[PDB]
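Working notes for the structure below.
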Amino acid sequence: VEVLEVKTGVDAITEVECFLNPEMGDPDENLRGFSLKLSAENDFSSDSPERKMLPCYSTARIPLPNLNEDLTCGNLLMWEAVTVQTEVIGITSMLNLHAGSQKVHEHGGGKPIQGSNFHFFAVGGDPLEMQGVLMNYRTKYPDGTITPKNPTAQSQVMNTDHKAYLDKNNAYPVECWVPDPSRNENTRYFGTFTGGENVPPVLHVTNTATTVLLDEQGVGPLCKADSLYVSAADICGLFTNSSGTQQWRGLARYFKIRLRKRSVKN
Amino acid sequence: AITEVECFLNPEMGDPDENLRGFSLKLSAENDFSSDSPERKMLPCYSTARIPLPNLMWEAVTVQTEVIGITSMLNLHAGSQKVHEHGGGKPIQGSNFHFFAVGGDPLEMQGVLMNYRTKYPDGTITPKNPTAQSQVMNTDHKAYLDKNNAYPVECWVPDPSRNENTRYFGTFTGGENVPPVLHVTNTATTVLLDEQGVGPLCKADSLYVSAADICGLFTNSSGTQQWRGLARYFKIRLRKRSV
Amino acid sequence: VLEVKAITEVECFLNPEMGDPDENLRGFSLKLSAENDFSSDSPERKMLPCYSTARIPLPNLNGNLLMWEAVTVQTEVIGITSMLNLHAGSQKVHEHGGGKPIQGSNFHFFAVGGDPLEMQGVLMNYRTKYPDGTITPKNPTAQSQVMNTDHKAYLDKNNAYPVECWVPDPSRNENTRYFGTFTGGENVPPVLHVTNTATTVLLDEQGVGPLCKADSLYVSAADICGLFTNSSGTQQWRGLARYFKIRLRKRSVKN
Amino acid sequence: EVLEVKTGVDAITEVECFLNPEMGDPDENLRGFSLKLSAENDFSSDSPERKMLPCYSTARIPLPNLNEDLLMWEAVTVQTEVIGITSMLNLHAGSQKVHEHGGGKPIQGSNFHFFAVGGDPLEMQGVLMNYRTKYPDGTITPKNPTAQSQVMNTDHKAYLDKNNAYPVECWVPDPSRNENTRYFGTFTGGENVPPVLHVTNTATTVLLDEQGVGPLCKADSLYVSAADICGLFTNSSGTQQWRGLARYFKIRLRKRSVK
Amino acid sequence: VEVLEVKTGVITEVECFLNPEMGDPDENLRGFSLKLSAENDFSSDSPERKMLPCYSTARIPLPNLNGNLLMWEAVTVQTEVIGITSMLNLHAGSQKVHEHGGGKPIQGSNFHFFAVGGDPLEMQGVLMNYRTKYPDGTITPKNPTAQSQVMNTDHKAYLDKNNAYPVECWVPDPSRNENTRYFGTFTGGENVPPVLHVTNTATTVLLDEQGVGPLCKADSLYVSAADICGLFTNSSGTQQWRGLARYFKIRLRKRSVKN
Ligand SMILES: [Cl-]
Ligand SMILES: [Cl-]
Ligand SMILES: [Cl-]
Ligand SMILES: [Cl-]
Ligand SMILES: [Cl-]
């Protein structure tokens, strides 16, 4: 994390940068960035996934410099997030087809990472707000995860009881939660899910691409209590081991966020 | 002057028992066209809701919408057939349909059938007195989407010759191995204004939302297959217009 | 072509013409044969999808004259959700599985003009012996497998011009606008969109749309959605109807 | 040096043509196809037959004669599409059944669609899969290639100056040249690649560069070039042949003043 | 440097064809990698040097232009992959798709990347397997840990040597590269079709949001690339990366700066 006062004064611009690590499970000390091997074919009535098999959302709160020296003034200053540049880091590491992966056929190279993937990021001045949805409401989730409380069959579609803040890194399983479009007035989020056994990962990098965070009235997220929130999930696909077992692979996400000072009423 | 309303519309995939809400009954295959009698719980239907408004007319101006719970398909540990020996479960994939409508009147639909001789089960509303022409265009088959969980998706499409007071959007992608591709963002808005700058006008102080979101097929360990659907969120901005 | 002068709307649903092998299978073709030698390729009539077309008469408005000018079209394929019936007739994807979706080669095409669509003949196999009731390239040669300029036709009859023999002619059609997409392959997914919010403008670079020459408006289409695979393994083309809503205006022209 | 566009009577013209594909044409009945594909030749003994090799198509269109000593014809737009795309809906003839009782296999697999419009012949750069390929009489291929010819060897410069002679697998348009040509190509490779081809008489490609100047036709000649390999046709035996289709061009030109 | 106005008056272009560095296992297999190994345990993963594609780079020298000084500024780049049609050779080396069929197209995982800057490309290391033992002649992350499989900020490198930095080890660094523009797309998968476009009508603008392009502060311009097109499958079943050269044409102008 770096917080840089690029310019000071009324038109002050501060740039925050950070690399958010993925939280795929990390089943042992040497497989950081991967999940535990996937189980299959568990009956809905006895589906008890292991902690390290479940990728979770990544998140961090980044403290910003205090702007208000007199807290009793009629007008106070807040940091306002105006743009974000972001990309997934280490995509070329998937070109290692010599280590660990099942050969595609006899005498062939290793099988590329492929299959279902999810790429998501958010930037806001409050924690990202999430809605819970489950494949199977009777899944017994493991200690260390935070998942929908008292789920019912309705939790497999929409159960409005399942509201949460993404307020803990490596705790909210990606399979249980989505960003909540009925809330998040102070966050911009973006995600794409692509499902399937053989789905090719497609990932772009460039330092020339910027996303604008301003709403239709020209206001970006406002950093409450001088806190900027970054969230991500970048499940790149499934790594298939020589044995045939499969593990999720994730990669870190870079953020560069440009902020300006907005005057608001107390 | 301006008001916003929102709704989470649940999918109606069939719901074969109390536990399998959001899924259909397992799919039958290979019925002859002359003896095709599908069970009610096997047929996804269109979802719809009528949203009352404060009582000039309310004009629908924009809609924000997205499919809810897409990441739930990352549960590959529960119920699904292994992709190979020692491998994880098979992702939901295959034919899918994503559709929504916003209107001041119920959605107007036209009936088209794969097989006109299909015997549809009690509880569904399907084209009446179908003929072979019902497999192409039979203009007799007009309906209003006036009941939730009743009009099967396979029997009905939005009618482009009507719907003067509704805007609708859908995409059908067919095939066994088709990957679901779903995007979420709170930064996308669809403007509902026509070329004259006029949106859907809510006739009896009612706003109509409609959806179908069949995400693909879930393959059980045994090889059987079931539709999986997801709820759809709507946030509609309305303004008052005099008439 | 002088000033614009007033406004009328026509709409039509054009049925597909996939072959219709019996009275129950409207919208399908006869099952496909395979592996006919080029020297003995005699397709049956009901196996061959043809272009759909209709002529829509308009009011007769007549030194100068007035003509109906086509300005915009809204069009879409009708019944796309019918392909979610995987219980009827289709081969199971595997044991205990649902039926196989319609998929594979598809062609989606429409045209709007004030003359019949002008077409160019091109054939896979020039030696194909086409059946009675079809209108195909006359006196074809090896060159008819590439470009043979002899093969000019008007789409002047419904359910007669096989889709496999004919394409819209880009060297002609001055008074028609046409649009088509061919996607080929064994397992290609059908992808079809619907919305009543999309309009195709028919005006050319000078703001002039198709002009209905003898008070007739022409619509044409082909919407082969893919192949339907029966339990036996036999395959049939499946097609769907196309809707047209065309807005016209009155235009002054010199005689 | 380019001056003002010239307007007036006869300052505009339009030309059109159809360019036939050059896929090999293995016998008198198989126009538009290649000879069946061989496979698995060692790089040291790779001798493709003439009729197995698709070649670029090209033609020169004469324009109304302007005095070369000052005006030149300037190509402004081109309308172009592939002709006969629906012919691939013939699945009854020649093609291997997809399975027992099934229809024939569609044409699919690797494909290349390319066109160019210019006031000079298209300038090409040679690149080879295998520098040791022994090309047959009747083809013009990179001369005296080396191992470097499998990547970039700048000796391999050629003009597309002969129809049905330059194999598509040996040559690409040269981005370091072609100051007076606009070219456009897409290669898609793979066994099962679906052909995707659009037609419409409403789409135009503008040939003007960033200064608003199109190709200038040197001696009242317009050069058109194309390659449209649509995929592989699979015979019932399992053998495979390239299938190609003709391309139509309609080019609009204007007179431009020069010095 | 404080950037002042563009120096106007009676702009230059430089160009380069940058060769791919796929490993080149012998004198005849320029542009390919060594055959790919598979299934090496993470604890004993020792790739041979000729199996590892590396980033390509070149330095283009420029003449010095000199209170206010002048520097060359890169405004636009035209770039494309060279030799894409070479993949239509399905007769040489590749395994037949089925009995009596043609050869298997190049397909599978591919990466296409370029950069243009006034300093060498700045890179960040990320590994599939931190315990990989890389071969002599490669430059790879130093003292990697488990954290090196996600983000380890210690792994910073300059692309300061051609055919040395393995593609699999390094990515352009978005936290640096203030004076370079880079662009890349990774497409992974066993059977991914290559899709490659060529046209001389496409230009990438290298100006930033203030209208300033990369500045050649030490009178040098840097081009960098990786173009792994896919995997070639030999008749034996073995697989090799295939790469192709990348063309660059960069338009430069003179920019005044404060000393
Ligand atoms: Cl909860
Ligand atoms: Cl009815
Ligand atoms: Cl004829
Ligand atoms: Cl040469
Ligand atoms: Cl390092």
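Numbered from 1 within each chain, the chains take letters A, B, ... in sequence-line order. We use all heavy atoms of the structure for the numbers below, so side chains are in, but hydrogens, waters and symmetry mates are not.
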What is the minimum heavy-atom distance between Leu206(E) and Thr76(E), and which atoms define it?
CD1-C, 3.8 Å
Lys/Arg-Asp/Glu bridge criterion (N-O < 4.0 Å) met for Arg177(D), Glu123(D):
no
Hey, are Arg254(D) and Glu74(D) close enough for a salt bridge, meaning a charged N less than 4.0 Å from a carboxylate O?
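So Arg254(D) pairs with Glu74(D) through a salt bridge.
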Within the 4.5 Å heavy-atom criterion, are [X] and [Y] side-chain neighbours or not?
X: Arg255(E); Y: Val212(E); value: yes
X: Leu62(E); Y: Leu252(E); value: yes
X: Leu121(E); Y: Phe113(E); value: yes
X: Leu207(E); Y: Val75(E); value: yes
X: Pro214(E); Y: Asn179(E); value: yes
X: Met123(E); Y: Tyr55(E); value: yes
X: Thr57(E); Y: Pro120(E); value: no
X: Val117(D); Y: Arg182(D); value: no

Could you walk me through whether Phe255(A) and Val84(A) pass the side-chain contact (heavy atoms from CB on, under 4.5 Å) test, one step at a time?
CA-CA 7 Å; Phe255(A) 294 80; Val84(A) 58; 4.2 Å; yes
Which of parallel (below 30°), tilted (30 to 60°) and perpendicular (above 60°) describes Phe19(A) and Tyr254(A)?
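Judged by the thresholds at 30° and 60°, the geometry between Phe19(A) and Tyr254(A) is tilted.
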Whether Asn19(E) side chain and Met152(D) backbone form a donor-acceptor pair below 3.5 Å:
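Yes: the side chain of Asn19(E) pairs with the backbone of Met152(D).
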Any donor-acceptor pair under 3.5 Å from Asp119(E) side chain to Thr180(E) backbone
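It does not hold such a pair.
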Could you walk me through whether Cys229(E) and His112(E) satisfy the side-chain contact (heavy atoms from CB on, under 4.5 Å) test, starting with their C-alpha distance in whole Å, then the side-chain angles of each, then the deciding distance to 0.1 Å, before giving a yes or no?
CA-CA 8 Å; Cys229(E) 297; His112(E) 295 285; 3.8 Å; yes
Using side-chain contact (heavy atoms from CB on, under 4.5 Å), reason through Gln124(E) and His155(E) one step at a time and then give a plain yes or no.
CA-CA 6 Å; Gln124(E) 169 66 54; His155(E) 304 320; 3.9 Å; yes
